[PDB]
């Protein structure tokens, strides 16, 4: 017994406030959210097949106030359907509020609200880039361990009406068949190389022909023709991904066959970028809703 309507209500209570106001849920509620969502993730496919209409969002990185701005703009659940591309924790000041609201909505609307796994939904990054420290400051290490187990079960990619492929990072040199994604067993950690690594780590690069070295020191870059071949082969129209801050919140690649979405404006007080969210209507017409940078 875990009161979802209460949790959502308390998390949403800070809606008008000055950015940075904390919501303090009880320890047992947070791990209630983890345990129930984990169940739902495991019960749904690892490669989601989704119908339009829906809103797609990129990285959020603990920017809770900005997540609330996104829902204000796109409509709070269930007014709209949502697919998030990952990277909910780290970098920002309020990872816990962000993940809890998202996990709460997943539990309440399990077939209209969706979360993919980003590279920060992984202990090897989490320990170091804010989340663990958040957990240990406001609760304890044990809670971080619980989140790790939940994250290990997140789905990895989505296809929207057979036309739009969505994952956090991008393509893999090892991605030949969609069945290869379907075969990944959960729970699972992110390996240092291979398909699951690439899907969460790779980047598009204008200046690369085929597959190249990635400056991150993990995975690869891929060029425009690679994107073209993939869409052609699998009969798709668009690749939708996140993973890199861009100045205007979204950015096209390869004559509009790939788009990068990034939803956190003023990214971690180090950039002055816009954030964007993508709207996909029933006919698969796509439009962009921008959160402009602070003035």
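Residue numbers count along the first chain shown, from 1.
Student: Taking the mean of the C-alpha B-factors per stretch from the entry, tell me the winner out of 29 to 37 and 226 to 234.
Tutor: Higher mean C-alpha B-factor: 29 to 37.
Student: Once you work out the mean C-alpha B-factor for both 13 to 21 and 274 to 282 from the entry, which is higher?
Tutor: 13 to 21 has the higher mean C-alpha B-factor.
Student: Per the entry's Cα B factor values, which of 89, 185, 116, 199 stands out as the maximum?
Tutor: Answer for 89, 185, 116, 199: 185, with the highest C-alpha B-factor.
Student: Based on the PDB record, which member of 120, 168, 142, 216 exhibits the highest Cα temperature factor?
Tutor: In the PDB entry, the greatest C-alpha B-factor among 120, 168, 142, 216 is found at 142.
Student: Sorting the chain's CA B-factors, does residue 269 end up in the lowest, middle or highest third?
Tutor: According to the entry, residue 269 has a C-alpha B-factor in the chain's middle third.
Student: Is residue 204 in the lowest, middle or highest third of its chain when residues are ranked by C-alpha B-factor?
Tutor: Ranked within chain, residue 204 CA B lands in the lowest tercile.
Student: Taking the values exactly as deposited, rank residue 52 by C-alpha B-factor within its chain and report the matching third: lowest, middle or highest.
Tutor: According to the entry, residue 52 has a C-alpha B-factor in the chain's highest third.
Student: What third of the chain, by the recorded C-alpha B-factor, contains residue 129?
Tutor: Lowest third of the chain for residue 129's C-alpha B-factor.
Student: Please place residue 221 in the lowest, middle or highest third of its chain according to the CA B-factor in the PDB entry.
Tutor: Lowest third.
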